[PDB]
Amino acid sequence: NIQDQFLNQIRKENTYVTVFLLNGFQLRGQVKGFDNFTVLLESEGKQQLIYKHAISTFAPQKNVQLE
Amino acid sequence: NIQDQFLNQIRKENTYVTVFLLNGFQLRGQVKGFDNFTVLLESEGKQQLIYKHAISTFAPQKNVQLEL
Amino acid sequence: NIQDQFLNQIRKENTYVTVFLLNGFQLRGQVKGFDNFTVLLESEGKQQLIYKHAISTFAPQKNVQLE
Amino acid sequence: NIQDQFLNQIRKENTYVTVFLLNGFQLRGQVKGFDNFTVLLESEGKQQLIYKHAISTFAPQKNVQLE
Amino acid sequence: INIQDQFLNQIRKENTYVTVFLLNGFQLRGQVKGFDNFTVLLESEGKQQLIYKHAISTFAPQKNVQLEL
Amino acid sequence: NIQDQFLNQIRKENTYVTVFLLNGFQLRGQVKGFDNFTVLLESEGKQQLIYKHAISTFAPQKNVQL
RNA sequence: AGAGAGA
């Protein structure tokens with residue numbers, strides 16, 4: 001499953017990611033964890049729990065390895 | 001389940017949390033309770049029942065410790 | 001279930017509630033009934049059937065006691 | 001079930017209804033049919049298949065008697 | 001059987017011109033060439049578009065349709 | 001299943017498929033992967049994981065056999 | 001709460 005490999009990779013490598021939300025608002029930071037419904041992001045020291053239903057797009061700084 | 005540990009934590013510690021909503025609005029308060037579809041928040045003494053579908057982000061006042 | 005308690009209490013007590021919609025429009029009235037997907041609100045005697053998917057928040061006039 | 005009861009009443013009574021969509025757009029007409037995902041609205045004799053996921057609110061001209 | 005399927009199959013069969021309005025109020029016109037549970041394959045001047053049903057608000061035909069109700 | 005046939009032909013013929021999001025924002029690229037919930041688009045060498053629930057429309061460059 | 005898409 002592409003979604004979970006992608007999120008695990010950005011997590012295990014501490015890649016910076018911009019997370020665009022459905023409404024265009026944006027967050028940047030690193031992925032600390034995720035489950036079926038949410039992604040736990042950290043931006044400059046602070047946790048943000050984001051619902052996946054509210055996410056449009058993860059644009060990572062560096063590109064991920066996946067199959 | 002990170003979601004429920006998070007919410008159950010900020011509920012147990014009475015942490016303050018900014019709820020950001022998809023409609024652009026952001027709300028600060030304390031979590032009184034939640035189920036699978038909704039979060040009960042209190043913002044200055046007033047209840048608000050908020051649908052999870054309408055929420056984008058929670059930003060706690062102080063980071064929550066979780067098992068991941 | 002928190003949602004069902006809340007809605008049934010504001011229904012039983014005829015509590016006025018503000019409903020904030022996903023589009024930021026704001027409705028005010030009293031809940032006359034609900035099922036899994038919808039809420040029946042009366043505003044100045046006029047019925048509205050609202051899909052819960054279009055609601056963001058209910059803010060009661062007085063706080064509900066919940067178990 | 002409030003939803004079915006409401007939609008079946010306004011259908012069989014031919015009640016004029018404003019349908020407000022998620023974006024605030026308002027369509028006015030009579031419901032001629034519905035199923036699990038859609039509602040068939042007739043406006044000035046034009047058929048519109050509307051997805052329930054796009055609907056916010058039905059506001060009938062006259063109140064609908066329900067159980 | 002269900003109203004959505006008859007409606008989409010009818011306009012597809014007749015190559016009816018249709019406005020599709022999307023959740024954000026954008027509108028496309030075209031003919032339906034097919035659909036499945038999740039998507040509608042519209043053609044607006046020769047040009048294929050795969051539209052998710054979740055992004056669609058309303059199908060409005062210019063020309064009224066036959067439905068078993 | 002039209003969806004899966006389409007995403008696949010734009011993916012194998014590495015088509016410039018443009019992607020309109022619910023908020024109207026648009027991105028061009030080629031599809032490298034998809035699952036039930038998500039699309040992996042490369043745009044300008046950069047990877048982007050897009051949730052399907054956020055996508056409005058894929059508009060290809062050349063049309064697809066289905 | 002009245003509908004043409006680069007966050």
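First the proteins, then the strands, lettered A, B, ... as listed; each starts at 1. Just so it is clear, the values below take in all heavy atoms, side chains as well, and ignore hydrogens, waters and symmetry mates.
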Quick one: [X] [atom1] to [N] [atom2], roughly how many Å, whole number?
X     : N    : atom1 : atom2 : value
F/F25 : G/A7 : CZ    : P     : 6 Å
E/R29 : G/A5 : CZ    : P     : 11 Å
F/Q48 : G/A7 : CD    : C1'   : 11 Å
E/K47 : G/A5 : NZ    : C1'   : 13 Å
F/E44 : G/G6 : CD    : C1'   : 13 Å
D/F20 : G/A1 : CZ    : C1'   : 6 Å
F/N23 : G/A3 : CG    : P     : 18 Å
D/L41 : G/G2 : CG    : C1'   : 14 Å

Q: Return the orientation label for the C/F20 and B/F25 ring planes: parallel under 30°, perpendicular over 60°, tilted otherwise.
A: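 If you compare the ring of C/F20 with that of B/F25, the planes turn out parallel.
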
(Q) Would E/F38 and F/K52 count as a side-chain contact (heavy atoms from CB on, under 4.5 Å) here? Give the steps. (A) CA-CA 10 Å; E/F38 289 100; F/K52 290 182 170 175; over 6 Å; no

Q) What is the nucleic acid contact for A/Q26, judged by heavy atoms within less than 4.0 Å: base, sugar-phosphate only, or nothing? A)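 If one applies the 4.0 Å heavy-atom cut-off, A/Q26 turns out to touch nothing in the nucleic acid.
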
Q: Look at all strands and tell whether F/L27 reaches a base, only sugar-phosphate, or nothing, counting heavy atoms closer than 4.0 Å.
A: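 Touches a base.
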
(Q) Let's go through F/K46 and F/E44 carefully: what are the C-alpha distance in whole Å and the side-chain angles of both, what is the deciding distance for salt bridge (charged side-chain N to carboxylate O under 4.0 Å, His left out) to 0.1 Å, and is it a yes or a no? (A) CA-CA 5 Å; F/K46 100 150 323 298; F/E44 306 275 298; over 6 Å; no

Q. Taking the nucleotide of RNA chain G with the closest heavy atom to each, which residue, F/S56 or C/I50, is nearer the 5' end?
A.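 Residue closer to the 5' terminus by nearest nucleotide: C/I50.
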
(Q) Which is more 5' along RNA chain G, the nucleotide nearest F/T57 or the one nearest C/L21? Just name the residue. (A)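 It is C/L21 whose nearest nucleotide is closer to the 5' end.
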
Q. Step by step, would you call A/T57 with F/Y51 a side-chain contact (heavy atoms from CB on, under 4.5 Å)?
A. CA-CA 6 Å; A/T57 296; F/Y51 282 109; over 6 Å; no

